[PDB]
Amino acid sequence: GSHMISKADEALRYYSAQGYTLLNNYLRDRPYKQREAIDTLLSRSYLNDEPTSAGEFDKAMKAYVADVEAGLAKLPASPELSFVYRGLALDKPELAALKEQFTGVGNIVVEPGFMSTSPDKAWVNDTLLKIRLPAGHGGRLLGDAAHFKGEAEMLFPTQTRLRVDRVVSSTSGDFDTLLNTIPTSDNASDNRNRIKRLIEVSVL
């Protein structure tokens, strides 16, 4: 073409199609194999040669993150949106500390990975988040994907922060009222009690 696609747009495109798993593993301090990572940093020109320090490899990962975020930020914003939604499983025993943070009003939860949400649907889970958006936030609607359909995806850059506004458990008199303002994936199964709580939070 007349123009070349920029490294940051190309990094987002790559991230969205293949890279997202690895990268988020690294960001979230979860296990991951350095071999596919280093290869990634190698083939995408963040390292010209195998790293010789811990700071050298982390420095390159950061550059890689910074390109994905710059390509994300350049997508058109959606100021018409006011809420996005996410379902998640806080009742897994290895997430008790995460659960503890999310269920305390006033607490701020920091997501180290890129945070994925939808403006159209929250898949039924033990917890649903209704995420209120401020003007000018960094979330952006992505293009159609090859691997799913049926809902939009709004992706946020790393280090997005969520303040807990309110916690409404399934036993609360407020539960159905809040639930009737959250679009869910189908909750018409034989198991009527999948959703344990709804949490309103705000992107800071």
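Residue indices: 1-based, along the sequence shown.
Undergrad: When the Cα temperature factors in the entry are averaged, is it 161-169 or 38-46 that ends up higher?
TA: The stretch with the larger average C-alpha B-factor is 38-46.
Undergrad: Look up the CA B-factors in the entry and say which stretch, 179-187 or 13-21, has the higher mean.
TA: According to the PDB entry, the answer is 13-21.
Undergrad: From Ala66, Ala145, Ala60, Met154, pick the one with the largest CA B-factor in the entry?
TA: Of the candidates given, the C-alpha B-factor peaks at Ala60.
Undergrad: Looking at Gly71, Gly87, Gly104, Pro93, which has the highest CA B-factor as recorded?
TA: Of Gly71, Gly87, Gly104, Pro93, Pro93 has the highest C-alpha B-factor.
Undergrad: Would the CA B-factor of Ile108 place it in the lowest, middle or highest third of its chain?
TA: It belongs to the middle third of the chain when residues are ordered by C-alpha B-factor.
Undergrad: Should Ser6 be placed in the lowest, middle or highest third of its chain by the C-alpha B factor in the entry?
TA: According to the entry, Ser6 has a C-alpha B-factor in the chain's middle third.
Undergrad: Taking the C-alpha B-factors as the PDB entry records them, is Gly150 in the lowest, middle or highest third of its chain?
TA: It falls in the middle third of the chain.
Undergrad: Name the third of the chain's ranked CA B-factors that contains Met115, choosing lowest, middle or highest.
TA: Lowest third, going by the recorded CA B-factors of the chain.
Undergrad: For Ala122, return the chain-relative third of its C-alpha B-factor as stated in the PDB record: lowest, middle or highest.
TA: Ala122: CA B-factor falls in the middle third of its chain.
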